Amino acid sequence: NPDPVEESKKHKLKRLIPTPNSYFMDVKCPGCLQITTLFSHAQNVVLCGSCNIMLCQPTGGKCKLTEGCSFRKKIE
Amino acid sequence: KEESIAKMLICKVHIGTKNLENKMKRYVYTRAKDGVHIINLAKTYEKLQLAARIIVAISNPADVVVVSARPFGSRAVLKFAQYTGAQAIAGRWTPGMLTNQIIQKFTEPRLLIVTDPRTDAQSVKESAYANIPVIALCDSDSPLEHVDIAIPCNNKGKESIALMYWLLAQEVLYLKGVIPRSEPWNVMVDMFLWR
Amino acid sequence: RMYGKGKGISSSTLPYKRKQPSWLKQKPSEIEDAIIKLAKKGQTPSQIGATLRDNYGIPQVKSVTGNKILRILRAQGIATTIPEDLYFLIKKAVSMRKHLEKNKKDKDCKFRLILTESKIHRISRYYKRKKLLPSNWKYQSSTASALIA
Amino acid sequence: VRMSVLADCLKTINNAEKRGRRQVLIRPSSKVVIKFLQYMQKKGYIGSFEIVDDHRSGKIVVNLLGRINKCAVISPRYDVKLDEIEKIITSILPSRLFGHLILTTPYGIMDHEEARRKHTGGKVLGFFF
Amino acid sequence: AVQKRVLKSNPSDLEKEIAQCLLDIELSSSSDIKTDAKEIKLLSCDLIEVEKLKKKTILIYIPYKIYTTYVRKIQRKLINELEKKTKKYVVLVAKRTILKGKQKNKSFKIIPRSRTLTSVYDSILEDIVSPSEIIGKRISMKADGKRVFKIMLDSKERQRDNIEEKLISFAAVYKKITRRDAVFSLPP
Amino acid sequence: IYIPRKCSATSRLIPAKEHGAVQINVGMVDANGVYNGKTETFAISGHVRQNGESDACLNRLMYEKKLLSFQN
RNA sequence: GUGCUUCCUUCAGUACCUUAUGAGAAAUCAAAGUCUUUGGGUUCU
RNA sequence: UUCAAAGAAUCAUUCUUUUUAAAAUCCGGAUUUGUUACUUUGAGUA
Ligand SMILES: [Mg+2]
Ligand SMILES: [Mg+2]
Ligand SMILES: [Mg+2]
């Protein structure tokens with residue numbers, strides 16, 4: 001049944017209805033005290049608000065994301 | 001039934017071999033960390049039941065041949081033949097058997113029950129030239145060319161094969177009037193098994 | 001691929017929902033302002049978009065602002081005379097030519113230079129057909145270097 | 001590259017039929033293609049089909065009844081006059097008793113018989129058996 | 001005193017009632033929002049019934065500008081309030097005009113694609129569900145020469161008493177607007 | 001006027017000299033499990049058998065009836 | 001498993017194997033297939 | 001880039017009627033709206 005498919009989001013970016021694999025991230029450093037916002041698969045580095053520190057290490061797909069840290073997905 | 005499943009487990013039909021065969025994928029539950037492929041087992045049961053039903057649907061039992069060229073399924077198939085009506089072949093299948101009219105050992109059935117379409121492939125092939133349906137107690141890796149029903153099991157492990165055969169026989173008996181339900185069937189596995 | 005034998009399909013593909021997502025707080029005006037600032041700072045359209053995506057929380061300027069980013073630049077009046085892609089191509093060509101001048105025996109480079117020239121001429125033609133380029137605009141191997149600025 | 005979406009779609013359908021599929025994912029939907037599919041459905045050859053709207057050229061997936069022998073485009077959409085039809089149909093489709101030769105006609109797309117009934121011939125899209 | 005002014009018609013049965021309700025809400029400041037009916041107006045309404053045991057539901061045709069500015073922003077609150085007040089299910093839509101392509105308006109030169117029929121229909125679909133937001137349109141051509149639009153909405157609405165009923169109402173309203181069958185759903 | 005047989009899976013319809021193609025017959029149950037007199041029938045064309053999709057087709061057919069329950 | 005390594009899926013290369021109610025004059029060919037059920041586009045011969 | 005919808009006849013199908021927007025025109029009713037290809041009717045041909 002090509003129409004109502006179930007577990008195949010492990011297809012390529014070219015599914016039945018194309019989605020992106022990327023998503024946005026509510027992110028926080030250990031002790032900057034804020035939602036910083038982020039895009040997974042971000043090319044250019046993002047500097048957090050206060051002390052401008054590397055939050056995302058840039059890379060060939062899905063930014064490495066610095067130190068321990070924590071990220072919620074933005075959802076919706 | 002859980003009992004059947006338990007029996008299967010005790011034997012080994014849950015393990016299929018390495019090499020998956022894309023058309024068999026659906027029957028396989030998942031692969032293991034080892035490098036083996038575990039068959040879904042409920043599927044094996046249901047399929048087996050279906051096969052049994054089909055067998056029963058044949059009017060007279062004698063014209064439903066069974067086959068295994070393997071040395072250690074041969075015994076099992078003989079037993080099956082004895083218990084139901086069905087011919088066994090056992091061992092050396094002759095290439096003319098279902099086509100060549102004039103041959104001595106001709107005998108053209110209404111169903112063919114192979115144990116393994118890998119090794120007993122000739123028989124399977126023949127089934128095409130005489131419109132014989134073919135059920136197959138096939139492995140994970142096996143080719144399902146010409147086989148109608150594929151019961152997913154394992155063929156490598158002789159004991160497992162024997163068990164499967166026994167189960168099938170039991171099912172057929174149940175379907176027929178001979179051994180009523182609720183009562184377990186008297187004869188054992190080990191009886192079917194090679195040595 | 002237009003010129004190689006390359007046949008890859010690596011691509012951005014946007015999400016089904018094209019009315020902006022709930023979590024996006026930025027009002028349009030602010031984002032427009034930001035875009036303008038970026039443009040002023042020397043960034044090109046694509047680059048600007050990338051910056052917006054990464055540094056600020058915003059996926060697509062098209063979902064927040066009805067308009068696409070080039071359009072808004074145009075509206076604000078900070079649009080380049082010479083379109084992004086075309087400009088880039090020209091730059092590349094210039095670079096190639098310099099190399100050739102330096103280093104005469106490079107055959108592969110020359111071949112690639114020809115290809116880039118051809119592509120420019122296509123792109124250039126297309127722009128002429130619209131009204132982004134003026135009709136009086138050939139691309140010249142002599143001038144080229146001065147053009148980019 | 002693509003040129004005639006419709007042709008490609010028809011080819012895909014044919015392939016599916018040959019294999020004996022059931023479902024088949026016609027990959028760029030087109031108004032024309034949709035119309036063609038509808039026509040086919042009307043004359044029984046195809047089942048349901050769920051034109052899925054992306055936010056682009058849509059995909060159709062189409063439900064097959066194991067009934068089509070072939071379906072096809074005839075590229076160069078030759079203008080075809082009403083008198084010129086008969087010869088064309090003789091050339092193409094396997095019997096006068098069946099098969100359908102689909103024209104785009106200023107009264108929408110319709111089969112050769114329909115065209116005849118109307119009066120207008122037009123440009124010839126394709127056919128099935 | 002006002003009330004007739006909040007609508008843009010000659011008062012008729014239900015529009016007037018709706019206006020009154022709005023005024024009351026403005027006066028009272030129910031639930032959370034206040035002075036939001038100062039901003040709102042309406043053009044017209046239509047009561048429609050469904051294939052039910054009972055229930056009638058309401059289109060509220062809103063001038064487009066107003067919809068764009070205020071109603072879009074605060075829709076959930078408004079609709080819920082209306083439901084609480086008048087047990088009839090309500091939907092806001094923008095009265096947006098459709099134009100034939102080949103036709104020549106005094107305005108424009110070339111119709112904008114905003115005003116095209118298809119686009120308008122899409123927009124009204126978007127409008128009518130508004131607690132939720134569409135996941136995927138998908139148009140089943142039945143073999144009978146019918147077309148069914150099988151729309152599926154996101155989560156969110158799954159936490160409500162009115163789900164299936166609401167969906168049915170939406171479908172009905174769509175039918176009324178655009179003589180189109182439709183079916184609605186959600187994911188498990 | 002011999003009207004030929006339609007493969008119950010793919011509807012391809014199968015001629016005299018096909019062989020290969022098979023009319024598999026499934027016997028019914030009556031409450032106990034005992035063999036009911038009746039028999040539900042599927043013809044399967046040669047092409048599907050050759051492919052190996054035959055088993056899948058059979059499964060689908062069963063699902064369409066009530067005979068077995070998993071589809072795939 | 002010990003940042004790398006493997007395994008899964010997937011892209012783009014790139015070969016090979018079996019299989020063709022697919023093709024072919026055959027040799028063979030996952031393209032040489034979807035071709036008297038002949039028309040996706042196009043250049044050359 | 002206006003998709004569609006509903007009613008009557010016939011042996012699931014065929015042929016017919018009606019309306020679903022916007023602008024100009026006419027005494028709430030009634031009636032015009034890109035160019036060419038293509039196609040249909042004609043006209044005119046010893
Ligand atoms: Mg080229
Ligand atoms: Mg490509
Ligand atoms: Mg040819």
# chains A, B, ... in the order shown; residues from 1 in each chain; ligands from 1

call {"tool": "select_by_dssp", "arguments": {"residues": "chain F", "states": "helix (DSSP H, G or I)", "output": "PyMOL selection string"}}
result
chain F and resi 16-18+46-51+54-64

call {"tool": "residues_around", "arguments": {"residues": "residue 148 (chain C)", "least_positions_apart": "6", "cutoff": "7 Å", "atoms": "only C-alpha atoms (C1' of nucleotides)", "output": "ChimeraX atom specification"}}
result
/C:87,90-91

call {"tool": "residues_around", "arguments": {"residues": "residue 89 (chain B)", "least_positions_apart": "5", "cutoff": "10 Å", "atoms": "only C-alpha atoms (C1' of nucleotides)", "output": "PyMOL selection string"}}
result
chain B and resi 65-69+74+77-78+81+94+113-114

call {"tool": "residues_around", "arguments": {"residues": "region 44-60 of chain B", "least_positions_apart": "5", "cutoff": "9 Å", "atoms": "only C-alpha atoms (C1' of nucleotides)", "output": "PyMOL selection string"}}
result
(chain B and resi 1+4-5+13-14+27+39+85-86+110-111+135+137+149-153+164+167-173+175-176) or (chain F and resi 24-29+35+37-39+67-69)

call {"tool": "residues_around", "arguments": {"residues": "region 8-16 of chain H", "least_positions_apart": "3", "cutoff": "12 Å", "atoms": "only C-alpha atoms (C1' of nucleotides)", "output": "ChimeraX atom specification"}}
result
/D:42-44,114,117-118 /E:143-145

call {"tool": "write_last_selection", "arguments": {"atoms": "C-alpha atoms", "output": "compact mmCIF listing (two decimals), in the first residue's frame"}}
result
# COMPACT_ATOMS: atom_id res chain seq x y z
CA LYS D 42 -15.19 5.77 -16.56
CA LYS D 43 -14.56 3.02 -19.13
CA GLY D 44 -13.61 0.58 -16.38
CA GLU D 114 -17.29 10.45 -28.22
CA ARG D 117 -20.82 11.65 -31.61
CA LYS D 118 -20.01 15.30 -30.92
CA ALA E 143 -14.31 4.79 -9.46
CA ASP E 144 -17.92 6.14 -9.58
CA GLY E 145 -16.93 9.55 -11.05

call {"tool": "interface_residues", "arguments": {"of": "chain D", "to": "chain G", "cutoff": "10 Å", "atoms": "only C-alpha atoms (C1' of nucleotides)", "output": "ChimeraX atom specification"}}
result
/D:1-9,11-12,14-16,18,69-77,92-94,126,128-129

call {"tool": "write_last_selection", "arguments": {"atoms": "N, CA and C atoms", "output": "tab-separated table (two decimals), in the first residue's frame"}}
result
chain	number	residue	atom	x	y	z
D	1	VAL	N	14.80	16.22	-20.56
D	1	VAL	CA	14.36	15.74	-19.21
D	1	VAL	C	12.90	15.22	-19.27
D	2	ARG	N	11.91	15.94	-18.73
D	2	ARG	CA	10.55	15.41	-18.52
D	2	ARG	C	9.72	15.44	-19.80
D	3	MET	N	9.65	16.62	-20.40
D	3	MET	CA	8.88	16.88	-21.60
D	3	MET	C	7.38	16.57	-21.42
D	4	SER	N	6.99	15.31	-21.58
D	4	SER	CA	5.59	14.92	-21.51
D	4	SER	C	5.42	14.04	-20.29
D	5	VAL	N	5.02	14.69	-19.21
D	5	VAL	CA	4.67	14.05	-17.95
D	5	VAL	C	3.76	12.85	-18.23
D	6	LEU	N	2.72	13.16	-19.02
D	6	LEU	CA	1.61	12.26	-19.24
D	6	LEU	C	2.09	10.95	-19.81
D	7	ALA	N	2.95	11.05	-20.81
D	7	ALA	CA	3.52	9.89	-21.49
D	7	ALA	C	4.23	8.98	-20.50
D	8	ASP	N	5.05	9.64	-19.67
D	8	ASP	CA	5.84	8.94	-18.65
D	8	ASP	C	4.92	8.18	-17.70
D	9	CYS	N	3.87	8.88	-17.28
D	9	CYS	CA	2.88	8.33	-16.35
D	9	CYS	C	2.25	7.07	-16.95
D	11	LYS	N	3.41	5.18	-19.31
D	11	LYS	CA	4.43	4.13	-19.41
D	11	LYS	C	4.53	3.38	-18.09
D	12	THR	N	4.58	4.17	-17.01
D	12	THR	CA	4.68	3.64	-15.65
D	12	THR	C	3.51	2.70	-15.36
D	14	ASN	N	1.60	1.17	-17.49
D	14	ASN	CA	1.72	-0.01	-18.36
D	14	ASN	C	2.64	-1.03	-17.70
D	15	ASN	N	3.77	-0.53	-17.21
D	15	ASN	CA	4.78	-1.36	-16.56
D	15	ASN	C	4.18	-2.08	-15.36
D	16	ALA	N	3.43	-1.30	-14.57
D	16	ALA	CA	2.77	-1.81	-13.37
D	16	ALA	C	1.82	-2.94	-13.74
D	18	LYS	N	1.87	-4.81	-16.38
D	18	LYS	CA	2.67	-5.94	-16.86
D	18	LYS	C	3.14	-6.77	-15.67
D	69	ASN	N	-4.53	-3.87	-20.96
D	69	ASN	CA	-3.64	-4.69	-21.78
D	69	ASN	C	-2.43	-3.84	-22.13
D	70	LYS	N	-2.71	-2.64	-22.63
D	70	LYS	CA	-1.72	-1.59	-22.77
D	70	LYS	C	-2.42	-0.25	-22.63
D	71	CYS	N	-1.71	0.75	-22.15
D	71	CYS	CA	-2.12	2.12	-22.36
D	71	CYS	C	-0.91	2.92	-22.74
D	72	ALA	N	-1.15	3.99	-23.48
D	72	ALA	CA	-0.07	4.70	-24.15
D	72	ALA	C	-0.42	6.11	-24.52
D	73	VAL	N	0.62	6.90	-24.66
D	73	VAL	CA	0.56	8.16	-25.36
D	73	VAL	C	0.90	7.93	-26.85
D	74	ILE	N	0.37	8.78	-27.72
D	74	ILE	CA	0.90	8.93	-29.07
D	74	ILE	C	1.38	10.35	-29.19
D	75	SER	N	2.66	10.53	-28.87
D	75	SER	CA	3.33	11.82	-29.02
D	75	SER	C	3.44	12.16	-30.49
D	76	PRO	N	3.95	13.35	-30.79
D	76	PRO	CA	3.34	14.30	-31.66
D	76	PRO	C	1.84	14.26	-31.51
D	77	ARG	N	1.31	15.16	-30.69
D	77	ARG	CA	-0.13	15.32	-30.60
D	77	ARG	C	-0.61	15.90	-31.93
D	92	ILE	N	-4.10	2.20	-35.09
D	92	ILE	CA	-3.72	2.05	-33.66
D	92	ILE	C	-4.30	0.80	-32.98
D	93	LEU	N	-5.59	0.87	-32.70
D	93	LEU	CA	-6.16	0.06	-31.62
D	93	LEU	C	-6.83	-1.20	-32.17
D	94	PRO	N	-6.77	-2.27	-31.38
D	94	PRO	CA	-6.70	-3.64	-31.85
D	94	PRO	C	-7.96	-4.15	-32.56
D	126	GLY	N	-3.64	9.84	-26.56
D	126	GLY	CA	-3.21	8.47	-26.35
D	126	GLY	C	-4.28	7.42	-26.55
D	128	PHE	N	-5.88	3.22	-24.93
D	128	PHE	CA	-5.79	1.91	-24.25
D	128	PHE	C	-6.61	0.82	-24.92
D	129	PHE	N	-6.33	-0.41	-24.50
D	129	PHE	CA	-6.96	-1.64	-25.00
D	129	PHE	C	-7.65	-2.31	-23.80

call {"tool": "interface_residues", "arguments": {"of": "chain G", "to": "chain F", "cutoff": "9 Å", "atoms": "only C-alpha atoms (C1' of nucleotides)", "output": "PDB file with C-alpha atoms (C1' of nucleotides), in the first residue's frame"}}
result
ATOM      1  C1'   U G  19      16.615 -14.285 -12.380  1.00  0.00           C
ATOM      2  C1'   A G  20      13.565 -13.160 -16.197  1.00  0.00           C
ATOM      3  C1'   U G  21       5.236 -15.438 -19.108  1.00  0.00           C
TER       4        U G  21
END

call {"tool": "select_by_dssp", "arguments": {"residues": "chain A", "states": "strand (DSSP E or B)", "output": "ChimeraX atom specification"}}
result
/A:24-28,38-39,47,54,70-73

call {"tool": "interface_residues", "arguments": {"of": "chain A", "to": "chain E", "cutoff": "10 Å", "atoms": "only C-alpha atoms", "output": "list in words"}}
result
residues 3, 17 and 76 of chain A

call {"tool": "write_last_selection", "arguments": {"atoms": "N, CA, C and O atoms", "output": "compact mmCIF listing (two decimals), in the first residue's frame"}}
result
# COMPACT_ATOMS: atom_id res chain seq x y z
N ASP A 3 0.07 4.39 -0.42
CA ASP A 3 -0.53 5.61 0.13
C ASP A 3 -0.40 5.74 1.66
O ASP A 3 0.24 6.70 2.13
N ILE A 17 5.16 11.98 0.82
CA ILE A 17 5.08 13.45 0.97
C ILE A 17 6.40 13.95 1.54
O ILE A 17 6.71 13.65 2.70
N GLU A 76 6.10 21.02 16.79
CA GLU A 76 5.15 21.58 15.81
C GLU A 76 5.80 22.03 14.48
O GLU A 76 6.79 21.46 14.02

call {"tool": "residues_near_ligand", "arguments": {"ligand": "ligand 2", "cutoff": "12 Å", "atoms": "only C-alpha atoms (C1' of nucleotides) and all ligand atoms", "output": "list in words"}}
result
residues 1, 2, 5, 6, 7, 8, 9, 10 and 11 of chain C; 1 and 2 of chain D; 12 of chain G

call {"tool": "residues_around", "arguments": {"residues": "residue 138 (chain C)", "least_positions_apart": "2", "cutoff": "12 Å", "atoms": "only C-alpha atoms (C1' of nucleotides)", "output": "ChimeraX atom specification"}}
result
/C:90,117,120-125,127-128,133-136,140-144,147
